[PDB]
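Here is the structure we will look at, set down as structure tokens.
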Amino acid sequence: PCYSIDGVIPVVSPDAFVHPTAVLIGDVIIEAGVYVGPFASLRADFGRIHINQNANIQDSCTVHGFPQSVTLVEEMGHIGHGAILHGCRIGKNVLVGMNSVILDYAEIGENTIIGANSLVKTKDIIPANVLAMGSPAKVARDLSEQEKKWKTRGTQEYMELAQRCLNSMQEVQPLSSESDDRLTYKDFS
Amino acid sequence: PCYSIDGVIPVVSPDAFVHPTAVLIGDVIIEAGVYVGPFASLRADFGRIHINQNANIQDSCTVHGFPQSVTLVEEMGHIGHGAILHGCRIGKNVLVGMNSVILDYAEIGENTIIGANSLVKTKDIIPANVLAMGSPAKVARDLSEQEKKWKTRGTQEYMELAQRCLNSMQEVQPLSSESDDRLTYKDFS
Amino acid sequence: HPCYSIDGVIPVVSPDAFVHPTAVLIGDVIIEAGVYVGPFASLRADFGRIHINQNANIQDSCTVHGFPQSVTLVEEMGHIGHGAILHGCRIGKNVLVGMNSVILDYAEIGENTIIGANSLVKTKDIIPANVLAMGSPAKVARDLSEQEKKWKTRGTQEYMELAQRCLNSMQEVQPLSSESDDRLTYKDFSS
Ligand SMILES: [Ca+2]
Ligand SMILES: [Zn+2]
Ligand SMILES: [Zn+2]
Ligand SMILES: [Zn+2]
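So the protein sequences, as listed, match chains B, A and C.
The opening residue of the first sequence carries number 2 in the authors' numbering; numbering runs sequentially from there.
The opening residue of the second sequence carries number 2 in the authors' numbering; numbering runs sequentially from there.
The opening residue of the third sequence carries number 1 in the authors' numbering; numbering runs sequentially from there.
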């Protein structure tokens with residue numbers, strides 16, 4: 002799923018999992034432990050994209066930016082389904098809710114959670130350790146210690162998912178019907 | 002387009018159509034008559050995903066869930082382009098408007114229509130036979146009898162589409178220019 | 001070229017358009033010269049027609065669709081941002097559709113207009129030309145400055161250049177397993 006452009010080749014840590022239906026274009030760098038899910042477009046054809054270690058990019062997420070831009074997800078950044086990151090900076094251990102849009106030059110402080118379906122305006126700087134949501138997103142409150150531990154729990158699970166996928170994910174013919182003896186989600190490691 | 006993980010293999014009814022660019026991961030069960038469109042990610046690597054008969058999952062939709070979660074689309078569920086289903090229950094004959102987010106433990110009552118770009122918060126229960134929209138989504142009014150018929154029409158077209166795609170959809174090289182005698186949408190059923 | 005026919009209807013793609021190999025074109029899609037179509041864009045003309053005029057771009061995970069007998073139209077230099085969804089609508093010349101926006105059926109966007117990200121344009125809405133509109137449901141906000149109009153034009157020019165660059169050099173490649181000093185970087189893009 003990696004494409005070069007102008008001779009620029011993505012860099013993918015051997016310990017990261019890129020689903021074969023993701024797309025990596027150009028100056029994309031993936032550090033160890035990262036999970037890239039189906040139909041994630043990490044398109045570095047105008048600028049750079051760096052996904053730091055133990056981060057995850059989920060289904061049909063898009064990472065892009067303007068010419069000479071740098072789009073950064075710091076480690077354990079957690080990018081929910083359908084979120085769009087544009088020339089922005091995602092701080093360490095941040096959660097970007099599903100279907101959210103983070104615009105250019107925006108920065109999200111460490112541990113902060115952006116609610117689903119939110120829009121962070123261009124150049125907005127969101128402090129660390131808060132919940133921000135809405136469109137455009139506004140800080141709602143401090144995160145509790147409960148929520149912070151929960152978030153880590155979710156991110157830790159995606160870290161395991163990358164390993165599970167390197168170990169066992171493969172193309173298969175589907176079964177034509179349910180069977181009494183087939184493995185199920187209860188069989189999940 | 003099916004992927005196993007931890008040896009768990011998707012189940013796809015022979016009478017469903019899964020576009021070849023969709024992705025089914027893990028404990029996904031697809032019943033008869035269903036349509037799954039391009040870039041739909043049915044990612045059952047943490048829990049179970051069940052798509053009941055005559056439902057449709059449209060382009061770049063994502064279905065995911067919590068560990069040990071069960072995400073259910075009931076019969077004739079109608080999941081619009083770009084909508085994201087996360088550990089929720091979609092009632093029979095529901096319409097989830099495009100680009101909408103349905104969060105964990107949420108349930109949509111039978112026949113209800115969710116407007117585009119909406120967000121159903123975690124654990125929210127949307128009643129049957131209503132229109133709900135917004136972010137966060139709220140009930141706006143009862144569905145009309147005509148609106149209920151129009152939705153059913155819409156879904157019947159997707160049930161037909163599933164059959165059309167099993168019958169005739171295939172990879173082709175594109176034509177290099179429009180022509181006077183090439184088949185067109187006027188030739189559709 | 002990832003094209004699919006349905007009911008024997010075959011997409012039409014100019015040789016001078018670039019369609020990323022992971023896009024999907026279904027049915028009666030007509031792509032003209034200079035268009036760029038990005039990863040996982042679904043142009044699904046299985047109920048109606050899709051026409052993408054020249055020098056336009058459809059970005060990542062964009063979806064284009066429409067109801068039976070509909071004609072969905074992106075005019076010249078139409079600029080459809082990441083994850084936007086167009087449903088049986090009319091995208092005027094040189095329009096910009098913000099990321100993650102939804103443009104519903106019979107909607108028309110007048111030429112040069114900018115739709116903000118995360119916007120929803122309601123069915124049959126006619127949004128005028130040369131304005132900035134945004135919200136869900138979207139609403140006209142004000143006229144567009146000449147600064148903004150030239151801002152947009154350069155961006156679209158960038159995507160016309162991307163089509164060429166991509167036809168010229170985009171290729172399936174195995175990734176490097178580590179950064180290195182000699183590898184080309186974004187500093188080596190024309191920009
Ligand atoms: Ca979206
Ligand atoms: Zn972009
Ligand atoms: Zn998820
Ligand atoms: Zn549609």
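Every residue gets a Cβ at the ideal spot worked out from N, C-alpha and C, and that includes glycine.
Buried/exposed call for residue i, threshold 16 Cβ in 10 Å
| i | result |
| --- | --- |
| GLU76(A) | buried |
| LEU120(A) | buried |
| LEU96(A) | buried |
| residue 211(C) | In this structure chain C extends from 1 to 191, so residue 211(C) is not present and cannot be described. |
| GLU158(C) | buried |
| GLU108(C) | buried |
| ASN168(A) | exposed |
| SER180(A) | exposed |
| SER190(C) | exposed |
| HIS1(C) | exposed |
| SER145(C) | exposed |
| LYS187(A) | exposed |
| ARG154(A) | exposed |
| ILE126(C) | exposed |
| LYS124(C) | exposed |
Bridge partners - residue i, DSSP secondary structure assignment
| i | result |
| --- | --- |
| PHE18(B) | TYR36(B) |
| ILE103(C) | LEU86(C), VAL121(C) |
| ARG49(C) | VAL71(C) |
| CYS3(B) | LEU25(B) |
| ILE80(B) | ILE58(B), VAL97(B) |
| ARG142(B) | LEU132(B) |
| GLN171(A) | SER5(C) |
| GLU108(C) | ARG90(C), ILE126(C) |
| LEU43(A) | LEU25(A), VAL64(A) |
| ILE31(C) | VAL13(C), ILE52(C) |
| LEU176(C) | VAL12(B) |
Pick from the options that is closest to residue i, judged by C-alpha positions
| i | options | result |
| --- | --- | --- |
| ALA23(A) | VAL140(A), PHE40(A), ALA56(A), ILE10(A) | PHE40(A) |
| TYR4(C) | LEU43(C), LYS187(C), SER190(C) | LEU43(C) |
| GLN147(C) | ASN168(C), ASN112(C), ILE127(C) | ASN112(C) |
| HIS79(C) | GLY38(C), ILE58(C), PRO11(C) | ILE58(C) |
| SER14(C) | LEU25(C), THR72(C), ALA33(C) | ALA33(C) |
| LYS149(C) | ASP182(C), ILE126(C), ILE115(C) | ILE115(C) |
| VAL74(C) | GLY88(C), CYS166(C), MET99(C) | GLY88(C) |
| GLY48(C) | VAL35(C), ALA56(C), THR185(C), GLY66(C) | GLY66(C) |
| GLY92(A) | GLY110(A), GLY98(A), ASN100(A), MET99(A) | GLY110(A) |
| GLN69(A) | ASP46(A), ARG90(A), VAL12(A) | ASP46(A) |
| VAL131(C) | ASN94(C), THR156(C), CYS166(C), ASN100(C) | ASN94(C) |
| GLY98(C) | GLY135(C), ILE6(C), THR185(C) | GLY135(C) |
| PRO128(A) | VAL71(A), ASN100(A), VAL37(A), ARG90(A) | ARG90(A) |
| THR156(C) | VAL12(C), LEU25(C), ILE6(C), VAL37(C) | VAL37(C) |
| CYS166(A) | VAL71(A), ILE10(A), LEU184(A), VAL35(A) | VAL35(A) |
Residues that residue i contacts on chain C, provided the C-beta gap is smaller than 9 Å
| i | result |
| --- | --- |
| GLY83(B) | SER61, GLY83, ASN100 |
Within chain B, partners of residue i - CB distance below 8 Å
| i | result |
| --- | --- |
| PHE40(C) | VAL24, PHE40, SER42, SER61 |
| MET160(C) | Near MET160(C) there are no residues of chain B at all, since even the closest Cβ is about 13 Å away, more than 8 Å. |
| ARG49(A) | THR185, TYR186 |
Contacts of residue i in chain A (Cβ-Cβ under 9 Å)
| i | result |
| --- | --- |
| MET77(B) | Those within 9 Å of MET77(B) in chain A number zero; the least Cβ separation is about 18 Å. |
| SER145(B) | Simply none; closest approach about 16 Å. |
| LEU104(C) | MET99, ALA117 |
Chain B contact residues for residue i, given Cβ-Cβ distances below 7 Å
| i | result |
| --- | --- |
| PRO15(A) | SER177 |
Interface partners of residue i on chain C, CB under 8 Å
| i | result |
| --- | --- |
| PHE18(B) | Within 8 Å Cβ-Cβ: nothing; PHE18(B) doesn't reach chain C, min ~13 Å. |
| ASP188(A) | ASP7, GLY8, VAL9 |
| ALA45(B) | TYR186 |
| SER136(B) | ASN118, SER136 |
Residue i: contacting residues in chain A (beta-carbon distance under 8 Å)
| i | result |
| --- | --- |
| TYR36(B) | Within 8 Å Cβ-Cβ: nothing; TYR36(B) doesn't reach chain A, min ~10 Å. |
| residue 193(C) | Absent from the structure is residue 193(C), since the part of chain C shown begins at 1 and ends at 191. |
| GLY27(C) | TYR186, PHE189 |
| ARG165(B) | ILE6, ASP7, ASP46 |
Contacts that residue i makes with chain C (C-beta to C-beta distance below 7 Å)
| i | result |
| --- | --- |
| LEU120(B) | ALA117, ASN118 |
| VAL173(A) | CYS3, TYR4, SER5, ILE10 |
| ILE30(B) | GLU179 |
Q: Say whether the region 13–25 of chain C touches the region 162–174 of chain C, bearing in mind that this needs 3 or more beta-carbon pairs closer than 8 Å, one atom from each stretch.
A: yes
Q.
For the structure I just gave you, are there three or more beta carbon pairs, one from the region 84–94 of chain A and one from the region 53–68 of chain A, closer than 8 Å?
A. yes
(Q) Count Cβ pairs between the region 133–144 of chain B and the region 165–185 of chain B that sit closer than 8 Å; are there 3 or more? (A) no
Q. Is there contact between the region 44–54 of chain A and the region 28–36 of chain A, where contact requires at least three CB pairs shorter than 8 Å?
A. yes
Q. With contact counted as at least three CB pairs below 8 Å, one residue from each stretch, are the region 120–132 of chain B and the region 103–117 of chain A in contact?
A. no
**Q.** Contact set, ligand 5 heavy atom to C-beta under 5 Å
**A.** Among the ligands in the structure shown, ligand 5 does not appear; only ligand 1, ligand 2, ligand 3 and ligand 4 can be found there.
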